[PDB]
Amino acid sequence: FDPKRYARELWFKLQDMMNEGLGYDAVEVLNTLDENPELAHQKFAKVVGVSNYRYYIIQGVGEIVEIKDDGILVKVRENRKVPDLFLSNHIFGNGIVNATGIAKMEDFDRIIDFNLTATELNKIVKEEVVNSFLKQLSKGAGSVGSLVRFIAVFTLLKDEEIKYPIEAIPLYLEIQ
């Protein structure tokens, strides 16, 4: 079993899905989280198995507030104390596959095949979405104040207080 190839194939499938329309409106989701997180989980999040984690996928346009070594802080709403989103390269675990539904455990004969595939796909996104975008920012593609179209995933624990900035893994990032 080749998890590197499998991941690359999932990524192509995910790219097609994002071209077709993927993610809830970022402002609506965050406003609902601020008002009523359980309603937000119900309306906007996926559950995998029977766990207490809630997997979100959002899309929108944000303004770059700060550029860091490991991501960008982005504002999607006005009048907030801190940026709404930290779009970072800190990609670990099953958040991408669980938020997107691109792969599930039942697709694999072994648990280790699922785990290695999730690792390979996180590598693709780290390198070819996030780190790639940070490099093109350094080369003049944008700066603080630029607008960025994004699709991003994040995971909440049921009953955890929402704290901003929400750290989210970007699946799509482009200057607008």
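In case it trips you up, residue 1 is the first one in the sequence shown, and so on.
The entry lists a Cα temperature factor for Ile102 that places it in the middle third of the chain's modelled residues. Ranked by Cα temperature factor within the chain, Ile169 sits in the middle third according to the deposited record. For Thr32, the recorded CA temperature factor ranks within the lowest third of the chain's modelled residues.
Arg77: CA B factor lies in the lowest third for its chain, per the PDB record. Split the chain's modelled residues into thirds by C-alpha temperature factor. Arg149 is in the highest one.
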